[PDB]
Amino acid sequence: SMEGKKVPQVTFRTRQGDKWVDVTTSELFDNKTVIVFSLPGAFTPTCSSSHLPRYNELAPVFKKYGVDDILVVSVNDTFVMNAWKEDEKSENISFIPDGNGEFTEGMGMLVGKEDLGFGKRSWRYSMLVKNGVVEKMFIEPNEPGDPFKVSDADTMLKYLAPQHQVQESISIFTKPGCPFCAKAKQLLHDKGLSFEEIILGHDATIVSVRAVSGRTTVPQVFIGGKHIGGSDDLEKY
């Protein structure tokens, strides 16, 4: 395990506009507390699914707890990394183009993925680095497919600040416009709670709502497992 060991000495050849800029491993980690999470590759489903958004979303919190930088590492080059960083809207994390797989290799995390045509790429994992020394490491289990149950941002947060209480998961079925929907949305914002809004537009239809909740209309809200109800039930509880 790399825990307790010094992060590999790597110099990344990056691009910032039309100019090349070498970002060194020391520059990134020395005298700093950094969170890192590697992905198999740029422009993909489970990686852009939540692994990435979720980290950008909790970045302000990690900062509040001492984390200086939160990096995303992928065995891709800058051109591709940038083009992806631009597609994703994540202004809270730095993209590291480990295109030669050097850093990933040094982390003993380089794996072959020829069955997808990705050549050698990084295995999914996250870690906390204090002054270049790997403190904690969350290596996704060796299971087939695309495992994601340990490198997530939450697991990291609970590890970094277990005191911070785990906020309940919040999903909300809403119809565009729909008066009382906005009455639950902003009520959440006002309550300062994050949530996933499944819109009856392109995400789901009315079936799901009726199949999941039973009720025949929106807005439907479920908070961490338990079923809430209408904008008027949200209020109550």
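Don't overthink the numbering: it's just position in the shown sequence, from 1.
Student: Highest mean C-alpha temperature factor of the two stretches 227 to 235 and 3 to 11, which is it?
Tutor: Between 227 to 235 and 3 to 11, it is 227 to 235 that shows the higher mean C-alpha B-factor.
Student: For the C-alpha atoms alone, is the average B factor greater in 64 to 72 or in 206 to 214, going by the entry?
Tutor: The stretch with the larger mean CA B-factor is 206 to 214.
Student: Checking the record values for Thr44, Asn56, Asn31, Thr174, which has the greatest CA B factor?
Tutor: Reading the PDB entry, the winner on C-alpha B-factor is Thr174.
Student: Based on the PDB record, which member of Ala184, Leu52, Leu39, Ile35 exhibits the highest Cα temperature factor?
Tutor: Highest CA B-factor of the listed options: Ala184.
Student: Among the chain's modelled residues, which third holds the C-alpha B-factor of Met109?
Tutor: Answer is lowest: the recorded C-alpha B-factor places it there.
Student: Would you check the entry's CA temperature factor for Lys89 and let me know if it's in the chain's lowest, middle or highest third?
Tutor: It belongs to the highest third of the chain when residues are ordered by C-alpha B-factor.
Student: Which third of the chain holds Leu128 when residues are ordered by C-alpha B factor: lowest, middle or highest?
Tutor: As the PDB entry reports it, the C-alpha B-factor of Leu128 lands in the lowest third of its chain.
Student: Per the entry's values, where does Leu160 land by CA temperature factor relative to the rest of its chain, in the lowest, middle or highest third?
Tutor: Middle third - that is where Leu160 ends up once the chain's C-alpha B-factors are sorted.
Student: Using the temperature factors of the C-alpha atoms in this entry, rank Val134 within its chain: lowest, middle or highest third.
Tutor: It falls in the middle third of the chain.
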